[PDB]
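J.: Got a sequence here, can you model it:
(5 chains, ligands or ions: 2)
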Amino acid sequence: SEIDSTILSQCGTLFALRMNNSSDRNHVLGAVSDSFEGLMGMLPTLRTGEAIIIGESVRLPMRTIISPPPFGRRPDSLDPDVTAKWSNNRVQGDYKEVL
Amino acid sequence: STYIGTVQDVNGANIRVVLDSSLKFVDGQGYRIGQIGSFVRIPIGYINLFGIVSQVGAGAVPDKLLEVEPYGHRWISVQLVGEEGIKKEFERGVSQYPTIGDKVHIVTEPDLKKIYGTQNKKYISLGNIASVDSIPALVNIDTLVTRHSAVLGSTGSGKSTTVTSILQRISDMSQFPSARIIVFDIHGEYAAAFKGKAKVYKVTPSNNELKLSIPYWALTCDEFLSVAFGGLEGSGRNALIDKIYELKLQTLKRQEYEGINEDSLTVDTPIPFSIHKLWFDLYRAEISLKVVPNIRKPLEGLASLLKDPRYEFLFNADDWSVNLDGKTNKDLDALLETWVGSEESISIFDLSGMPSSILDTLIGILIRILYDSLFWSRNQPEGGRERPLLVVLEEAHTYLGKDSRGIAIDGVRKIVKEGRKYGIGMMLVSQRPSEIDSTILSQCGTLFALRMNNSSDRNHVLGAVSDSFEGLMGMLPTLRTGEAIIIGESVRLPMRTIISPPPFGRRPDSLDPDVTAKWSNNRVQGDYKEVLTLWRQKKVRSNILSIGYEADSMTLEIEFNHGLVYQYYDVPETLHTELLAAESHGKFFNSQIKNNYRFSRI
Amino acid sequence: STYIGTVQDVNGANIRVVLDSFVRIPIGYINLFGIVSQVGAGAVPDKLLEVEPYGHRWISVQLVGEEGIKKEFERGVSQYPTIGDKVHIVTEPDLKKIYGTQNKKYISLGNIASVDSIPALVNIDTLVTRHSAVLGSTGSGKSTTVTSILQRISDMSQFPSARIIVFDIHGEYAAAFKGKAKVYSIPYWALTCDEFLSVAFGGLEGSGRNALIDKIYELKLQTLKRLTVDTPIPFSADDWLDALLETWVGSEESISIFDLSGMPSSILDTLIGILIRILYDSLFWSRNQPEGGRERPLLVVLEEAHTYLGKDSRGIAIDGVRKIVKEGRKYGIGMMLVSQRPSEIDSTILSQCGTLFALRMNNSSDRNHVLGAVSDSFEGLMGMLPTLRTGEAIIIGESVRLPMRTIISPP
Amino acid sequence: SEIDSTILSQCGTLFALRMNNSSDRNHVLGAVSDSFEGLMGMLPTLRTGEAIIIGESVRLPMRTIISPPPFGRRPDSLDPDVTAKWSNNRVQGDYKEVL
Amino acid sequence: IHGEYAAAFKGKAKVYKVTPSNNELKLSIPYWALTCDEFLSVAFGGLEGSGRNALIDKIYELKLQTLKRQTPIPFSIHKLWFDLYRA
Ligand SMILES: Nc1ncnc2c1ncn2[C@@H]1O[C@H](COP(=O)(O)OP(=O)(O)OP(O)(O)=S)[C@@H](O)[C@H]1O
Ligand SMILES: [Mg+2]
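T.: Residues are numbered from 1 along each chain as shown, chains lettered A, B, ... in the order given. Ligands and ions are numbered 1, 2, ... in the order given. Now the structure:
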């Protein structure tokens, strides 16, 4: 719902995944060429991985489960895990180093 | 009676049901068979299709049937939410949608546990669920901290107590011995919740309490000029910047600091420099301890600031006061250690006793001292990567305005945008969501919605929620006191919990002067000459748990709850020993002692 | 028996009822309540009009609060109603309970519009500490209402040691307070230097300002023998200090007034600012004494404020009023805003007034602004403003459990 | 059909005359409690001057022919008579007065 | 609203036209009988901004002036026009 409508309408293909709130669902329906009654009503409960691909890149709209990449080849961000860090017993620190 | 009826319509994401019979208010606890937000389930073959009650009554019957049966309404609309695995787990999304004529049951305790319970170690307990018995509300802790939070509601909703509960449950020494949290208390009420388990910094410390001091040389150039002078923009600004540079270079030549030399010295550098010498030298050219002597008006302004007890937390720091020679007893090491490295996890910078005019520019400064200090040591064992931090902000709608031009907005926006990498959280306690900038409220991860009376703010909340679920958001303006709707990515699904209130005696209360008490007691003549002798110099100098003893000054001393110290003057000591031996506390003192003798609180 | 109809639609916070202003819904052991939000042919479901647009027997009601087992009445509900439930009409005991409170912090200010027996209780502690606000119109006769409030919360029956001040201009309250309250000399040296320059000399700018500050400084010093410039020590007209303080705050009478009709309109803003600053500064330093605001809170009330709290007024009064609004809570200092034309008072100040009394309002701009500057709101509190009876008022704020319609009367 | 029903409801006595369109008969018959098929089905063939009175001003509703007032007392607007004013021979006129 | 009953009662009633004849009455509705909102609607169009407040206040001075010399009380437009247009 935040992407500029004119730009979003010039994308040939779409991979509509699970969509939760009632506003983005409508804004997506409002820029999809092959608005297809059968499949667009099941947007809000596609599982983790499903993707309704709609556009000219496919002859007829699909409902495909994207094949997951093999383990180890997954996207991950090395952000800290507070529960595993706040649990470690405190160690005396010298703040001369921080300053 | 795990049975309701048969699905009659199936729109893929909006099924409907036709209730069959009579509604009974189950006694003992009060849970009815079916509510507006109550969950439902549908066994399909071998798996379970769970849903939420979206609408009840004439609003769910299929449309044209109203023409068929104008006044026949027995239908419900259920929106199907997720699904259960084959004895594996609950996951969202549906592998296969239902057909017409299926069976629709009601949620039972094992399903309560399966949906709501989990096995990950991150999740913790923050109050049990409403409309069902004994189900702790599990909130992911990692996501809640690193993905930022928020609290919203009405004035009497009770958000301070919810925040107190969360902080109490998030810092217990049992599981999190090295926690760390900071609270920018403003009205000054949390300080009563954590009596002997947190550090509190005020402006007028008590006998067993600390003094908040923010040295004036820990500021950048822009911040310091903003606080002191209001942001000069002429050649006077250039003159003052050059003078600050000269003072810092001079002190560095006087004293040595690790790895700083004239080649890498800037105004932003946090090193000591004497304000008094600056003022005196910049004023002599236009004509120390004591302030007796084209930027003149600025220098009268700063001179007035120097000798002002209100500004005793900047220019007359307790031991961060800097001598003439740029020499201080202690460096910023002690300040950082106390603020974030102390032995107590939580610290409270209650800013109630601050000149409101600067309050905003004060908040920002602290947020800049912490972040900038936890960013340049992100590899050491004292940075945010090794012991992350959570910041709390009370009454955020005044500083995070959509159009506000202060500095706090910049700091909070920076923590929201860039705090993920370095483990910095944020918790915005607010009261009028529509005020808060819509770009920042859309980056907060989790939301603790509460009662909201205004229709103009409910719409804002509904329009700015990641999972705009309606079964749990059509009931915003009727929630109880403490009934919270948790929606975000910090929980597997929306929750409708009640927060376990903190035990009696551990609660926040800003000690406001109760007008009833101070106007019911009988009038006693005042010594206004004391008021004048106290104002000229610009200075301030039920239950009973102890009584002071003295028989030489003709005085009495008493202590109440909350650390209130009262000194009663001109009291003959015979009555002192009479009271002490009376063993009548709260009654004899009530009898003829409340309003007989003068007393001055200390 | 009393009865209205049956519930036929629910979406959590909004109910529809089909027939055979407050309303009560029973559940057994507990009692839900509510108010009729929308009525008429527009209340029916959206597409149910097409089927039958002329038979209207649907009423839309909003749940409001819950009542326990004769314990208390608290907002928000723990359960909800479902199809097949009953709806009654509010009776005398129901009003007796929802508006009846056992807390000692509540004081009676009047009665209900329909019923006269039950008082219109208000929490004085919040009314003083949080803040107050009275918005009215020329023909609403706000004077009698505010007088009744002032002399009803300050009676010597239960609050002998009250302390109030009125900054009245038109002098109308002098007649209202014959002898039951005081009525009214500001020294020319107490006020700060800059205010004195502004009031008398006309706001000098050049080096003459510096020379005059200098001269006043040495006159101030030489006064001491027979340290700072701003010291309120007398130096060498009656109008153009312990006794003055006691007369202002230490007087035996509970209330006090300041009639400023005769003074010029030009300097009156600076004078109100000076007075308010003096009071606040004195009661901020006297915090730790029996004379302080912590032991006898003070309340300030001023009328005709819409000419002083404008959106971009440059007077000194706005600064002191803002200081009271923000920091005055801690030191036990209150405030009360009376204004017959609130469209001019800035929103950023009117948004901080906890308790709001509304009187007869006719114009649309005022009716829009009041809704835009309120923390609570009900649908049954917008369309009846212009038809209010003289002497009635609508209370909305956090100092009352629920918003009310009440008539104020002297005791 | 278009008048407000809220203000029409409270009216006590009603006079109804011949009606042609089928959208107004429904509104008028929905404005009366005495739902009689005869009293609102014989409506669209009522001669000029006939009318049915329904309400508490009349003991029993029924159809009656209202007598006409005598010649010389009969409402009529004096709108121009085009056929008579166009039949007469063209008269040369001067528009200077009109301007 | 069609001037159709005037001929019904040749002499049994009295009519109030807007452009009468030598021997007929003239309808007269003094503006000042109107209430504030009605007058603003008829003469101006129901303004809301500062102009509405200015005119509402302006009426008050003239009304109270007339009353003190001797709410539905007479007052003059022309003086209003000149006074607040000369401004
Ligand atoms: N979960 C709760 N259950 C019952 N009472 C609560 C609960 N939480 C808070 N309260 C009480 O409701 C009153 C107000 O709640 P507080 O949280 O203390 O104040 P607050 O108004 O929410 O904070 P501000 O002024 O909006 S920042 C107090 O009497 C609380 O004791
Ligand atoms: Mg609070």
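J.: Give me the distance from stretch A:75-95 to the chain's centre.
T.: Centroid separation for stretch A:75-95 versus its chain: 28 Å, with C-alpha atoms, centre = their mean, to the nearest Å.
J.: ok, that stretch near chain B or not?
T.: Yes. Using C-beta under 8 Å from any C-beta of the partner chain, stretch A:75-95 reaches chain B at A:79-83, A:85-91, A:93, A:95. Any C-beta I mention is one placed from the backbone N, CA and C, and that applies to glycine too.
J.: quick one: which of those has the most company?
T.: Within these, most neighbours by other C-beta atoms under 10 Å in any protein chain shown means residue A:82, with 26 neighbours.
J.: so who does it touch?
T.: B:141-142, B:145-146, B:388, B:423 (C-beta atoms under 8 Å, 6 or more residues apart in numbering or on different chains).
J.: Quick check: chain neighbours aside, which residue is closest to the residue of chain A found nearest chain B?
T.: Proximity to chain B, evaluated over chain A using C-beta to the nearest C-beta, is greatest for residue A:47 at 3.1 Å. Nearest non-adjacent residue to residue A:47, counting by C-beta to C-beta, 6 or more residues apart in numbering or on different chains: residue B:93, 3.1 Å away.
J.: Now the one you found, what are its backbone angles?
T.: Phi and psi for residue B:93, reported as degrees, to the nearest 10, are phi 70, psi 160.
J.: picking that back up, distance check, the residue of chain A closest to chain B against chain C.
T.: Distance of residue A:47 to chain C, computed by C-beta to the nearest C-beta, to the nearest Å: 29 Å.
J.: Kindly report the same for residue A:25.
T.: Taking C-beta to the nearest C-beta, one finds residue A:25 at 20 Å from chain C.
J.: Check residue A:38 too.
T.: Distance from residue A:38 to chain C, by C-beta to the nearest C-beta: 25 Å.
J.: What degree of burial does that residue show, as a neighbour count?
T.: 9.
J.: With residue A:56 instead?
T.: Using other C-beta under 10 Å as the criterion, the residues surrounding residue A:56 number 9.
J.: next one: the one 4 residues further on
T.: Residues near residue A:60, counting by other C-beta under 10 Å, number 7.
J.: so residue A:62 touches residue A:55, yeah?
T.: No. With contacts counted by C-beta atoms under 8 Å, residue A:62 stays clear of residue A:55, the gap being 10.4 Å.
J.: How about the contacts made by the closest residue to chain E within chain A?
T.: As assessed by C-beta to the nearest C-beta, chain E sits closest to residue A:23 within chain A, at 32.3 Å. Going by C-beta under 8 Å, 6+ apart, residue A:23 touches A:1, B:463, B:468.
J.: in what helix or strand does the last one lie?
T.: Residue B:468 is part of no helix or strand when elements are defined by DSSP states H and E.
J.: Run a quick neighbour tally on residue A:43.
T.: With other C-beta under 10 Å as criterion, residue A:43 counts 19.
J.: quick one: it and residue A:18 touch, right?
T.: Yes. Contact criterion C-beta under 8 Å: residue A:43 and residue A:18 qualify, at 7.4 Å.
J.: For burial, what's the neighbour tally of residue A:29?
T.: 14.
J.: Kindly report the same for the one 4 residues further on.
T.: The local packing of residue A:33 (other C-beta under 10 Å) involves 11 other residues.
J.: wait, doesn't it sit right on residue A:55?
T.: Yes. If you go by C-beta under 8 Å, residue A:33 and residue A:55 touch, sitting 6.9 Å apart.
J.: Closest residue of chain A to chain D?
T.: residue A:37 (34.4 Å).
J.: For the residue nearest the centre of chain A, list the residues it contacts.
T.: Centroid check for chain A by C-alpha atoms, centre = their mean gives residue A:17 as the closest residue, at 6.9 Å. Residues near residue A:17 by C-beta under 8 Å, 6+ apart: A:46, A:50-52.
J.: Can you tell me which of those residues lies closest to ligand 1?
T.: Closest approach between the contacts of residue A:17 and ligand 1, by C-beta to the nearest ligand atom: residue A:46, at 37.4 Å.
J.: Contact partners for the closest one?
T.: A:16-18, A:52, A:63, B:93.
J.: ditto for residue A:19
T.: A:25, A:28, A:43-44.
J.: which pair in those spans the largest distance?
T.: A:28 and A:44 (11.2 Å; C-beta to C-beta).
J.: Which one of those two is surrounded by more residues?
T.: Shown here are residue A:28 and residue A:44; by other C-beta under 10 Å, residue A:44 has more neighbours (22 against 19).
J.: residue contacts, that one?
T.: Residue A:44 neighbours (C-beta under 8 Å, 6+ apart): A:18-20, A:25, B:13.
J.: One more: residue A:63?
T.: Per C-beta under 8 Å, 6+ apart, neighbours of residue A:63: A:39, A:42, A:46, A:50-52.
J.: next one: residue A:87
T.: With C-beta under 8 Å, 6+ apart, residue A:87 has these contacts: B:175-178.
J.: now, which of those residues lie within strands?
T.: In strands, judged by DSSP state E, none of those are found.
J.: Hmm, residue A:65 is touching residue A:50, no?
T.: Yes. Residue A:65 is within contact range of residue A:50, at 5.4 Å (criterion: C-beta under 8 Å).
J.: dump the residue contacts of residue A:47.
T.: Residue A:47 neighbours (C-beta under 8 Å, 6+ apart): A:18, A:65, B:91-95.
J.: Could you identify the most distant pair in those residues?
T.: A:65 and B:92 (14.4 Å).
J.: All good on my end, thank you.
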